[PDB]
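A.B. asks: Mind having a look at this structure? Questions to follow.
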Amino acid sequence: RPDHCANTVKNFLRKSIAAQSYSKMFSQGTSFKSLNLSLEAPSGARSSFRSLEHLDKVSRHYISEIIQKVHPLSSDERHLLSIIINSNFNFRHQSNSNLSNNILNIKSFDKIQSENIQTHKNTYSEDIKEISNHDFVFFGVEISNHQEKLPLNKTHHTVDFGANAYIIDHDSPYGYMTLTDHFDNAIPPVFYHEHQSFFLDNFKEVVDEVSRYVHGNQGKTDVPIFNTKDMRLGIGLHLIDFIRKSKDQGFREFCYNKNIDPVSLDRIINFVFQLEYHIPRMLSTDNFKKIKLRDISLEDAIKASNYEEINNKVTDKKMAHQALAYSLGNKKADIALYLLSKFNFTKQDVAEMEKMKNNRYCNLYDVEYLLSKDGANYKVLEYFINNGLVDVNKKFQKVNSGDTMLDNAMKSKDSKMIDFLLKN
Amino acid sequence: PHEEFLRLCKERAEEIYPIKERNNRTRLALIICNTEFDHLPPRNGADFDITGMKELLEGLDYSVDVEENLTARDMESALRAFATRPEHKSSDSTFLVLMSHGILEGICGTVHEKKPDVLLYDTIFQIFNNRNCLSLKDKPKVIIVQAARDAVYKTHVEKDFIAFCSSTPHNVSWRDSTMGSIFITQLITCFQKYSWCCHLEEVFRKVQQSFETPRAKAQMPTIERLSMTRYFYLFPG
Amino acid sequence: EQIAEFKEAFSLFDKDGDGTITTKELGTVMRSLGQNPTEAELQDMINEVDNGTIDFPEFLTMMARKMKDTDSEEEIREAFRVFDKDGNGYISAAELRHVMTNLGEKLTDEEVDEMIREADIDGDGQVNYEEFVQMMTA
Ligand SMILES: NC(=O)c1ccc[n+]([C@@H]2O[C@H](COP(=O)([O-])OP(=O)(O)OC[C@H]3O[C@@H](n4cnc5c(N)ncnc54)[C@H](O)[C@@H]3O)[C@@H](O)[C@@H]2F)c1
């Protein structure tokens with residue numbers, strides 16, 4: 001049975017990768033240091049399975065808490081918990097990029113920054129330092145036991161992350177679940193809810209109660225963490241706690257309906273909570289579903305390096321002007337060079353871009369200012385200076401009037417750009 | 001509203017601020033926005049805030065000079081250069097929109113961290129006080145700030161000032177917005193609706209009312225150092 | 001072996017406090033602990049009570065059946081030694097790639113790469129499975 005040993009090796013390596021991601025999170029997380037859930041830094045380059053063990057332990061902690069808070073369980077609460085435990089989940093990742101090619105390959109911010117792949121980055125510096133969940137791929141959670149059209153919800157924390165929604169139906173053996181965003185434990189008000197009409201028309205008081213900080217027993221910053229085995233139990237127990245605290249008897253009666261439909265259950269779940277699921281490193285699979293929720297805009301297609309949407313939209317040179325401006329404004333030097341290769345730009349094109357008030361960047365900044373703002377566009381600047389499209393020593397007229405590209409280069413501290421401007 | 005502008009002028013001639021005639025009127029506005037810092041997180045989405053503020057001010061016949069990513073010494077020099085502009089002696093008001101990471105003392109420069117680089121809020125008032133800047137004496141001087149995270153001489157030398165500070169601890173930590181900042185978005189929104197039937201202070205109070213949502217209730221824009229002896233009425237043309 | 005028991009999970013569905021749960025909530029209690037049993041598997045083990053209640057001593061023996069003990073460390077080591085004829089304690093990335101690509105469960109080529117990179121810390125193209133397993137288990 002040689003295949004069995006190969007499966008053993010594969011599971012071992014997957015477990016190793018997950019251990020690496022969780023060790024990164026638990027060791028480089030300062031909120032984990034405030035509480036006593038922090039982990040040691042690996043002396044070796046890799047990390048042992050202790051991190052994974054830690055996850056399990058951490059999970060039990062929170063489970064224990066909520067159990068002790070709501071252990072006396074009513075028949076309604078018990079029936080609702082039984083419903084939630086037997087419910088399966090669809091995990092959704094939205095993007096304005098093309099991550100599917102008969103194979104879905106989603107990657108985390110850390111793996112993207114590692115290979116220097118070009119795409120949009122929604123994680124920020126503070127999330128990386130305080131939580132260090134940037135080696136995880138993020139998903140929103142939906143109830144999967146329904147026959148309705150699959151994208152039931154489209155906004156996570158009142159944010160749309162893209163038109164292309166990728167849905168998977170299988171749990172990950174090493175992913176972890178949080179009742180909210182791990183960094184932002186605040187449930188936004190119903191004013192920003194995607195499905196506000198349901199709760200506003202049918203319920204009364206829960207509208208005010210839902211806006212809260214989902215925290216543990218240690219305090220507000222204590223964000224409960226669960227693992228794949230304890231996801232459903234913790235979610236059900238916290239939902240029961242919230243329903244018991246609430247005073248809108250209509251909301252409680254609707255939640256405790258013994259014959260509740262799955263769409264209403266998903267409404268309640270994504271209203272009271274904003275579940276977030278995390279998978280270590282990268283998710284590569286053949287079992288997925290892609291749903292194009294809407295049409296993508298040119299700037300959004302450029303920020304996500306969606307070459308096919310760009311090729312569909314950039315049909316003429318006025319669209320090439322718009323695309324080049326958006327590429328400069330977003331430091332997308334790859335898209336800028338692709339556009340400079342597809343179309344020929346001259347000083348007349350630069351002038352018509354300067355006359356382009358429909359574009360935000362060309363309305364605010366000069367072309368030279370956009371070329372010299374960040375070093376990430378150096379090559380573009382080179383092409384503009386060496387081919388004669390932009391005159392060095394041109395004094396800015398729109399923003400930072402009187403300055404030149406040399407001043408923006410000084411501000412950027414990029415030695416290559418300053419040197420290139422000094423030599424030309 | 002043109003008939004109401006003439007009606008409000010005669011009704012309250014010593015209760016509202018004077019308005020220069022559209023001919024020989026050079027109303028200037030300055031926007032100072034720091035979006036990228038050397039040792040601080042970048043304030044992404046400021047492209048929208050600068051745009052929305054430049055349009056609203058230009059719609060009120062204000063010549064907007066946008067300066068971006070300046071250290072504190074440059075911001076001080078830019079404010080002094082904005083006060084020495086001879087085009088203000090032909091004006092009735094001015095607007096200062098400074099948007100950067102800002103501590104309680106003031107707004108921070110790009111290089112600012114152990115090394116300090118902050119433009120003290122009081123320094124802005126000194127540059128435009130009724131002694132150092134006579135071109136804008138007896139003229140309303142609005143100051144709108146978007147920050148993140150004897151002494152009786154000042155009572156008299158600082159006249160005709162109004163501040164509408166926003167100190168939302170966003171710090172790209174709230175990390176929950178849609179193509180811009182809520183404070184600027186609501187400020188433009190209230191200026192579109194209530195600026196024709198209210199004076200400047202009412203518009204600001206109308207913005208503070210918008211932040212009545214449970215999670216956005218403590219996000220109240222704070223009015224500070226109000227030194228206006230008259231009611232400042234902005235007219236839509 | 002068992003140290004920390006599942007009494008708390010069992011107690012949540014113990015309506016009367018008598019220490020028993022109905023047979024219909026058996027799969028619910030197991031799923032709350034991570035074990036997903038098949039309806040066919042749930043019924044053959046329900047035959048243990050021939051009343052419609054299940055006690056914790058009977059439930060506790062059910063959990064140990066579907067324990068699905070993870071692969072032991074020496075079971076991991078032996079899995080690597082069957083792909084090493086020379087006995088040198090090393091497997092080339094290509095050899096590991098041919099194994100995982102053409103043997104066992106089918107995975108995407110990107111998954112195999114992320115695994116090989118995880119195993120080849122040196123970057124020399126060789127993978128020492130002995131040091132890695134000893135490194136992961138600690
Ligand atoms: N997406 C969604 O849906 C979500 C959910 C939930 C949450 N969220 C949020 O969000 C944030 C982040 O964001 P995301 O999730 O999107 O992620 P990121 O960081 O941004 O990174 C990643 C990116 O990239 C791309 N990718 C992936 N993969 C790939 C390749 N292969 N290529 C390119 N690109 C890419 C994706 O899509 C994203 O956007 C976090 O913090 C949080 F959690 C989101």
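Identifiers in the structure tokens: chain A, B, ... in order shown; residue index from 1 per chain; ligand index from 1 in order shown.
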Counting only C-alpha atoms, which residues of chain C come no farther than 6 Å from chain A, as a VMD selection string?

C.D. replies: chain C and resid 32 to 34 79 103 to 104 115 136 to 138

A.B. asks: Could you write out that same residue set with N, CA, C and O atoms as a PDB file, in the first residue's frame?

C.D. replies:
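That gives us again06.pdb:
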```pdb
ATOM      1  N   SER C  32     -20.582  18.089  17.463  1.00  0.00           N
ATOM      2  CA  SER C  32     -20.139  19.195  18.302  1.00  0.00           C
ATOM      3  C   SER C  32     -18.716  18.999  18.806  1.00  0.00           C
ATOM      4  O   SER C  32     -18.095  19.964  19.263  1.00  0.00           O
ATOM      5  N   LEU C  33     -18.191  17.776  18.734  1.00  0.00           N
ATOM      6  CA  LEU C  33     -16.838  17.464  19.172  1.00  0.00           C
ATOM      7  C   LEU C  33     -15.889  17.242  18.001  1.00  0.00           C
ATOM      8  O   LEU C  33     -14.730  16.871  18.215  1.00  0.00           O
ATOM      9  N   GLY C  34     -16.353  17.453  16.770  1.00  0.00           N
ATOM     10  CA  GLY C  34     -15.529  17.345  15.589  1.00  0.00           C
ATOM     11  C   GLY C  34     -15.692  16.053  14.814  1.00  0.00           C
ATOM     12  O   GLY C  34     -15.239  15.976  13.665  1.00  0.00           O
ATOM     13  N   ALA C  79       6.848   6.267   6.535  1.00  0.00           N
ATOM     14  CA  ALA C  79       6.260   6.709   5.276  1.00  0.00           C
ATOM     15  C   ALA C  79       7.300   7.347   4.365  1.00  0.00           C
ATOM     16  O   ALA C  79       7.189   7.256   3.137  1.00  0.00           O
ATOM     17  N   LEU C 103       1.213   9.483  -6.911  1.00  0.00           N
ATOM     18  CA  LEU C 103       0.789   8.506  -5.919  1.00  0.00           C
ATOM     19  C   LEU C 103      -0.036   9.185  -4.837  1.00  0.00           C
ATOM     20  O   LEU C 103       0.203  10.343  -4.484  1.00  0.00           O
ATOM     21  N   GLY C 104      -1.009   8.446  -4.310  1.00  0.00           N
ATOM     22  CA  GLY C 104      -1.837   8.951  -3.236  1.00  0.00           C
ATOM     23  C   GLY C 104      -2.971   9.830  -3.736  1.00  0.00           C
ATOM     24  O   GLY C 104      -3.358   9.804  -4.910  1.00  0.00           O
ATOM     25  N   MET C 115       4.296  22.400  -0.421  1.00  0.00           N
ATOM     26  CA  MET C 115       4.758  21.365   0.498  1.00  0.00           C
ATOM     27  C   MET C 115       6.252  21.117   0.338  1.00  0.00           C
ATOM     28  O   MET C 115       6.982  20.997   1.329  1.00  0.00           O
ATOM     29  N   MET C 136       9.375  18.826  13.484  1.00  0.00           N
ATOM     30  CA  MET C 136       7.952  19.120  13.626  1.00  0.00           C
ATOM     31  C   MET C 136       7.393  18.546  14.920  1.00  0.00           C
ATOM     32  O   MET C 136       6.537  19.167  15.561  1.00  0.00           O
ATOM     33  N   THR C 137       7.856  17.365  15.318  1.00  0.00           N
ATOM     34  CA  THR C 137       7.433  16.748  16.569  1.00  0.00           C
ATOM     35  C   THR C 137       8.405  17.171  17.664  1.00  0.00           C
ATOM     36  O   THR C 137       9.549  16.708  17.700  1.00  0.00           O
ATOM     37  N   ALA C 138       7.953  18.057  18.547  1.00  0.00           N
ATOM     38  CA  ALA C 138       8.778  18.538  19.650  1.00  0.00           C
ATOM     39  C   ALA C 138       7.921  19.239  20.699  1.00  0.00           C
ATOM     40  O   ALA C 138       8.410  19.618  21.763  1.00  0.00           O
TER      41      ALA C 138
END
```

A.B. asks: Please check which protein, DNA or RNA residues sit within 6 Å of ligand 1, counting only C-alpha atoms and all ligand atoms, and write them as a PyMOL selection string.

C.D. replies: chain A and resi 93-95+97+99+105-109+119-123+138-140+156+161+181+276

A.B. asks: Find the distance between CA of residue 96 in chain A and CA of residue 162 in chain A and write it in Å to one decimal.

C.D. replies: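 CA of residue 96 in chain A sits 4.4 Å away from CA of residue 162 in chain A.
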
A.B. asks: What are the DSSP helix (DSSP H, G or I) residues of range 128-188 of chain B, as a PyMOL selection string?

C.D. replies: chain B and resi 152-157+182-188

A.B. asks: Excluding range 90-94 of chain C and its own-chain neighbours fewer than 2 positions away, which residues fall within 9 Å of it when counting only C-alpha atoms? Please give them as a list in words.

C.D. replies: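 Final neighbour list, sorted by chain and number: residues 80, 81, 83, 84, 86, 87, 88, 96, 97, 98, 99, 116, 117, 119, 120, 125, 126, 127, 128, 129 and 130 of chain C.
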
A.B. asks: Closest to residue 264 in chain A among A:146, A:297, A:166, A:287, using only C-alpha atoms?

C.D. replies: A:146

A.B. asks: My list of candidates is B:237, B:18, B:41, B:102. Which is closest to chain A when distances are computed with only C-alpha atoms?

C.D. replies: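 For chain A, the nearest of the given residues is B:41.
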
A.B. asks: Just the residues within 9 Å of residue 49 in chain B, please, counting only C-alpha atoms, with nothing from its chain fewer than 6 positions along; format it as number ranges by chain.

C.D. replies: B: 99, 179-181, 184-185

A.B. asks: Counting only C-alpha atoms, a student should be able to say which residues of chain A come within 9 Å of chain B; what is the right answer, written as a PDB file with N, CA, C and O atoms, in the first residue's frame?

C.D. replies:
```pdb
ATOM      1  N   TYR A 124      -3.493  45.739   6.262  1.00  0.00           N
ATOM      2  CA  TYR A 124      -2.700  46.926   6.535  1.00  0.00           C
ATOM      3  C   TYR A 124      -1.681  46.628   7.626  1.00  0.00           C
ATOM      4  O   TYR A 124      -1.687  45.558   8.242  1.00  0.00           O
ATOM      5  N   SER A 125      -0.796  47.603   7.854  1.00  0.00           N
ATOM      6  CA  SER A 125       0.348  47.388   8.735  1.00  0.00           C
ATOM      7  C   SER A 125      -0.090  47.076  10.160  1.00  0.00           C
ATOM      8  O   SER A 125       0.543  46.264  10.845  1.00  0.00           O
ATOM      9  N   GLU A 126      -1.174  47.703  10.624  1.00  0.00           N
ATOM     10  CA  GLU A 126      -1.584  47.511  12.011  1.00  0.00           C
ATOM     11  C   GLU A 126      -2.169  46.121  12.233  1.00  0.00           C
ATOM     12  O   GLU A 126      -1.982  45.529  13.303  1.00  0.00           O
ATOM     13  N   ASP A 127      -2.881  45.581  11.240  1.00  0.00           N
ATOM     14  CA  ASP A 127      -3.380  44.214  11.361  1.00  0.00           C
ATOM     15  C   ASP A 127      -2.229  43.223  11.461  1.00  0.00           C
ATOM     16  O   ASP A 127      -2.282  42.272  12.249  1.00  0.00           O
ATOM     17  N   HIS A 157     -18.478  42.806   7.060  1.00  0.00           N
ATOM     18  CA  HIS A 157     -18.230  44.046   7.798  1.00  0.00           C
ATOM     19  C   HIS A 157     -18.540  45.266   6.934  1.00  0.00           C
ATOM     20  O   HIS A 157     -17.804  46.255   6.936  1.00  0.00           O
ATOM     21  N   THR A 158     -19.642  45.181   6.183  1.00  0.00           N
ATOM     22  CA  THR A 158     -20.136  46.278   5.346  1.00  0.00           C
ATOM     23  C   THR A 158     -19.098  46.701   4.310  1.00  0.00           C
ATOM     24  O   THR A 158     -18.971  47.880   3.975  1.00  0.00           O
ATOM     25  N   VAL A 159     -18.349  45.728   3.796  1.00  0.00           N
ATOM     26  CA  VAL A 159     -17.311  45.972   2.803  1.00  0.00           C
ATOM     27  C   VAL A 159     -17.462  44.955   1.682  1.00  0.00           C
ATOM     28  O   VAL A 159     -17.520  43.747   1.937  1.00  0.00           O
ATOM     29  N   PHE A 183      -9.417  41.430  13.779  1.00  0.00           N
ATOM     30  CA  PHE A 183      -8.882  42.726  14.173  1.00  0.00           C
ATOM     31  C   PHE A 183      -9.972  43.698  14.606  1.00  0.00           C
ATOM     32  O   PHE A 183      -9.776  44.462  15.558  1.00  0.00           O
ATOM     33  N   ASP A 184     -11.117  43.686  13.930  1.00  0.00           N
ATOM     34  CA  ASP A 184     -12.228  44.587  14.229  1.00  0.00           C
ATOM     35  C   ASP A 184     -13.374  43.752  14.791  1.00  0.00           C
ATOM     36  O   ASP A 184     -14.139  43.142  14.037  1.00  0.00           O
ATOM     37  N   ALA A 186     -16.041  44.802  16.174  1.00  0.00           N
ATOM     38  CA  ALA A 186     -17.221  45.651  16.282  1.00  0.00           C
ATOM     39  C   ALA A 186     -18.240  45.275  15.216  1.00  0.00           C
ATOM     40  O   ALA A 186     -17.918  45.249  14.023  1.00  0.00           O
ATOM     41  N   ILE A 187     -19.463  44.983  15.648  1.00  0.00           N
ATOM     42  CA  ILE A 187     -20.568  44.730  14.729  1.00  0.00           C
ATOM     43  C   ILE A 187     -21.137  46.074  14.289  1.00  0.00           C
ATOM     44  O   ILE A 187     -21.678  46.820  15.119  1.00  0.00           O
ATOM     45  N   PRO A 188     -21.031  46.424  13.011  1.00  0.00           N
ATOM     46  CA  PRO A 188     -21.487  47.741  12.550  1.00  0.00           C
ATOM     47  C   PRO A 188     -22.991  47.883  12.692  1.00  0.00           C
ATOM     48  O   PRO A 188     -23.716  46.878  12.762  1.00  0.00           O
ATOM     49  N   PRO A 189     -23.499  49.112  12.746  1.00  0.00           N
ATOM     50  CA  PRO A 189     -24.942  49.309  12.918  1.00  0.00           C
ATOM     51  C   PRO A 189     -25.730  48.851  11.700  1.00  0.00           C
ATOM     52  O   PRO A 189     -25.194  48.649  10.609  1.00  0.00           O
ATOM     53  N   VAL A 190     -27.041  48.700  11.910  1.00  0.00           N
ATOM     54  CA  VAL A 190     -27.937  48.227  10.860  1.00  0.00           C
ATOM     55  C   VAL A 190     -28.022  49.213   9.703  1.00  0.00           C
ATOM     56  O   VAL A 190     -28.465  48.847   8.607  1.00  0.00           O
ATOM     57  N   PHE A 191     -27.596  50.462   9.916  1.00  0.00           N
ATOM     58  CA  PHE A 191     -27.589  51.446   8.839  1.00  0.00           C
ATOM     59  C   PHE A 191     -26.769  50.972   7.646  1.00  0.00           C
ATOM     60  O   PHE A 191     -27.085  51.313   6.500  1.00  0.00           O
ATOM     61  N   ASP A 208     -31.187  47.906  17.727  1.00  0.00           N
ATOM     62  CA  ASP A 208     -30.273  48.690  18.548  1.00  0.00           C
ATOM     63  C   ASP A 208     -29.255  47.816  19.269  1.00  0.00           C
ATOM     64  O   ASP A 208     -28.136  48.268  19.541  1.00  0.00           O
ATOM     65  N   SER A 211     -25.423  46.176  17.463  1.00  0.00           N
ATOM     66  CA  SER A 211     -24.161  46.906  17.401  1.00  0.00           C
ATOM     67  C   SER A 211     -23.434  46.758  18.731  1.00  0.00           C
ATOM     68  O   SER A 211     -23.830  47.360  19.734  1.00  0.00           O
ATOM     69  N   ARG A 212     -22.370  45.960  18.746  1.00  0.00           N
ATOM     70  CA  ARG A 212     -21.686  45.637  19.989  1.00  0.00           C
ATOM     71  C   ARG A 212     -20.273  45.173  19.667  1.00  0.00           C
ATOM     72  O   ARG A 212     -19.920  44.940  18.509  1.00  0.00           O
ATOM     73  N   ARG A 360      -9.536  60.977 -11.318  1.00  0.00           N
ATOM     74  CA  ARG A 360      -9.247  61.625 -10.041  1.00  0.00           C
ATOM     75  C   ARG A 360      -7.796  62.088  -9.967  1.00  0.00           C
ATOM     76  O   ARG A 360      -7.517  63.226  -9.563  1.00  0.00           O
ATOM     77  N   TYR A 361      -6.860  61.226 -10.369  1.00  0.00           N
ATOM     78  CA  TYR A 361      -5.443  61.536 -10.211  1.00  0.00           C
ATOM     79  C   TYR A 361      -5.013  62.666 -11.140  1.00  0.00           C
ATOM     80  O   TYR A 361      -4.343  63.612 -10.710  1.00  0.00           O
ATOM     81  N   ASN A 363      -6.901  64.918 -12.319  1.00  0.00           N
ATOM     82  CA  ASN A 363      -7.532  66.149 -11.859  1.00  0.00           C
ATOM     83  C   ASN A 363      -6.773  66.740 -10.680  1.00  0.00           C
ATOM     84  O   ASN A 363      -6.624  67.963 -10.580  1.00  0.00           O
ATOM     85  N   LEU A 364      -6.285  65.887  -9.778  1.00  0.00           N
ATOM     86  CA  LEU A 364      -5.557  66.374  -8.610  1.00  0.00           C
ATOM     87  C   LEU A 364      -4.104  66.698  -8.946  1.00  0.00           C
ATOM     88  O   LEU A 364      -3.644  67.826  -8.740  1.00  0.00           O
ATOM     89  N   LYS A 398      -0.386  71.972 -10.568  1.00  0.00           N
ATOM     90  CA  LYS A 398      -1.628  71.616  -9.872  1.00  0.00           C
ATOM     91  C   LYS A 398      -1.379  71.476  -8.372  1.00  0.00           C
ATOM     92  O   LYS A 398      -1.863  72.282  -7.573  1.00  0.00           O
ATOM     93  N   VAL A 399      -0.627  70.452  -7.983  1.00  0.00           N
ATOM     94  CA  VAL A 399      -0.382  70.133  -6.584  1.00  0.00           C
ATOM     95  C   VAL A 399       1.096  70.342  -6.279  1.00  0.00           C
ATOM     96  O   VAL A 399       1.965  70.090  -7.122  1.00  0.00           O
ATOM     97  N   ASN A 400       1.375  70.800  -5.059  1.00  0.00           N
ATOM     98  CA  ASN A 400       2.724  71.164  -4.630  1.00  0.00           C
ATOM     99  C   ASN A 400       3.384  72.068  -5.670  1.00  0.00           C
ATOM    100  O   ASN A 400       4.451  71.771  -6.211  1.00  0.00           O
ATOM    101  N   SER A 401       2.711  73.184  -5.945  1.00  0.00           N
ATOM    102  CA  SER A 401       3.125  74.076  -7.020  1.00  0.00           C
ATOM    103  C   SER A 401       4.554  74.560  -6.808  1.00  0.00           C
ATOM    104  O   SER A 401       4.985  74.813  -5.680  1.00  0.00           O
ATOM    105  N   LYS A 411      11.628  63.198  -1.325  1.00  0.00           N
ATOM    106  CA  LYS A 411      10.667  62.768  -0.313  1.00  0.00           C
ATOM    107  C   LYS A 411      10.550  61.249  -0.267  1.00  0.00           C
ATOM    108  O   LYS A 411      10.405  60.663   0.812  1.00  0.00           O
ATOM    109  N   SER A 412      10.614  60.593  -1.427  1.00  0.00           N
ATOM    110  CA  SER A 412      10.494  59.141  -1.478  1.00  0.00           C
ATOM    111  C   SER A 412      11.750  58.424  -0.998  1.00  0.00           C
ATOM    112  O   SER A 412      11.686  57.224  -0.708  1.00  0.00           O
TER     113      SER A 412
END
```

A.B. asks: Residue 41 in chain C: which residues within 10 Å, counting only C-alpha atoms, same-chain residues fewer than 5 positions away excluded, as a list in words?

C.D. replies: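 Here the qualifying residues turn out to be residues 27, 36, 46 and 66 of chain C.
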
A.B. asks: Residues at most 10 Å from range 418-422 of chain A, counting only C-alpha atoms, excluding those fewer than 5 positions away in the same chain, as a short mmCIF file (atom, residue, chain, number, x, y, z; two decimals) with N, CA and C atoms, in the first residue's frame?

C.D. replies:
```
data_model
loop_
_atom_site.label_atom_id
_atom_site.label_comp_id
_atom_site.auth_asym_id
_atom_site.auth_seq_id
_atom_site.Cartn_x
_atom_site.Cartn_y
_atom_site.Cartn_z
N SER A 372 6.61 60.59 -10.10
CA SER A 372 7.70 60.72 -9.14
C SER A 372 7.27 60.56 -7.69
N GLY A 375 8.72 55.28 -5.54
CA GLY A 375 9.73 54.57 -6.31
C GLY A 375 9.20 53.38 -7.08
N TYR A 378 9.31 53.85 -10.76
CA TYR A 378 10.57 54.34 -11.32
C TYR A 378 10.69 54.04 -12.81
N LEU A 381 8.71 56.27 -15.00
CA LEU A 381 9.43 57.54 -15.08
C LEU A 381 10.57 57.45 -16.08
N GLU A 382 11.37 56.39 -15.98
CA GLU A 382 12.45 56.18 -16.94
C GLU A 382 11.93 56.27 -18.37
N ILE A 385 11.08 59.73 -19.27
CA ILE A 385 12.18 60.68 -19.38
C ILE A 385 13.06 60.33 -20.58
N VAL A 392 12.04 66.76 -17.75
CA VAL A 392 12.62 66.97 -16.43
C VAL A 392 12.67 68.46 -16.15
N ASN A 393 12.66 68.81 -14.86
CA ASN A 393 12.63 70.18 -14.35
C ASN A 393 11.31 70.88 -14.63
N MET A 405 9.99 66.96 -10.03
CA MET A 405 10.08 65.52 -9.75
C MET A 405 11.24 65.20 -8.83
N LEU A 406 12.28 66.04 -8.83
CA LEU A 406 13.41 65.82 -7.94
C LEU A 406 12.99 65.94 -6.48
N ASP A 407 12.06 66.85 -6.18
CA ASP A 407 11.61 67.03 -4.81
C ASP A 407 10.79 65.83 -4.33
N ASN A 408 9.88 65.34 -5.17
CA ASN A 408 9.13 64.13 -4.81
C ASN A 408 10.07 62.94 -4.67
N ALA A 409 11.11 62.88 -5.50
CA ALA A 409 12.10 61.81 -5.37
C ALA A 409 12.83 61.90 -4.04
N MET A 410 13.23 63.11 -3.65
CA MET A 410 13.84 63.33 -2.34
C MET A 410 12.91 62.85 -1.23
N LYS A 411 11.63 63.20 -1.32
CA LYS A 411 10.67 62.77 -0.31
C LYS A 411 10.55 61.25 -0.27
N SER A 412 10.61 60.59 -1.43
CA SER A 412 10.49 59.14 -1.48
C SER A 412 11.75 58.42 -1.00
N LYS A 413 12.88 59.12 -0.92
CA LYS A 413 14.17 58.58 -0.50
C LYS A 413 14.66 57.45 -1.40
#
```

A.B. asks: Would you list, as a ChimeraX atom specification, the residues of range 55-138 of chain C that end up in strand (DSSP E or B) under DSSP run on this structure's backbone?

C.D. replies: /C:55,91-92,126-127

A.B. asks: Limited to N, CA, C and O atoms, could you put the picked residues into a file as a tab-separated table (two decimals), in the first residue's frame?

C.D. replies:
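In the end it all went to out08.tsv:
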```tsv
chain	number	residue	atom	x	y	z
C	55	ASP	N	-26.65	6.66	27.41
C	55	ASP	CA	-25.97	7.16	28.59
C	55	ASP	C	-24.52	7.52	28.27
C	55	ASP	O	-23.96	7.09	27.25
C	91	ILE	N	15.57	12.74	0.29
C	91	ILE	CA	14.69	12.59	-0.86
C	91	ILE	C	14.76	13.88	-1.67
C	91	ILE	O	14.56	14.97	-1.13
C	92	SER	N	15.05	13.75	-2.96
C	92	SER	CA	15.08	14.92	-3.83
C	92	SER	C	13.68	15.46	-4.03
C	92	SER	O	12.69	14.73	-4.00
C	126	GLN	N	17.43	19.04	-1.89
C	126	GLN	CA	17.34	17.81	-1.11
C	126	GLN	C	16.52	18.04	0.15
C	126	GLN	O	16.54	19.13	0.73
C	127	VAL	N	15.80	17.00	0.56
C	127	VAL	CA	14.94	17.05	1.73
C	127	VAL	C	15.37	15.95	2.69
C	127	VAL	O	15.35	14.76	2.33
```

A.B. asks: With distances taken over only C-alpha atoms, which residue among A:66, A:18, A:269, A:336 lies nearest residue 53 in chain A?

C.D. replies: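 Using only C-alpha atoms, residue 53 in chain A sits closest to A:18.
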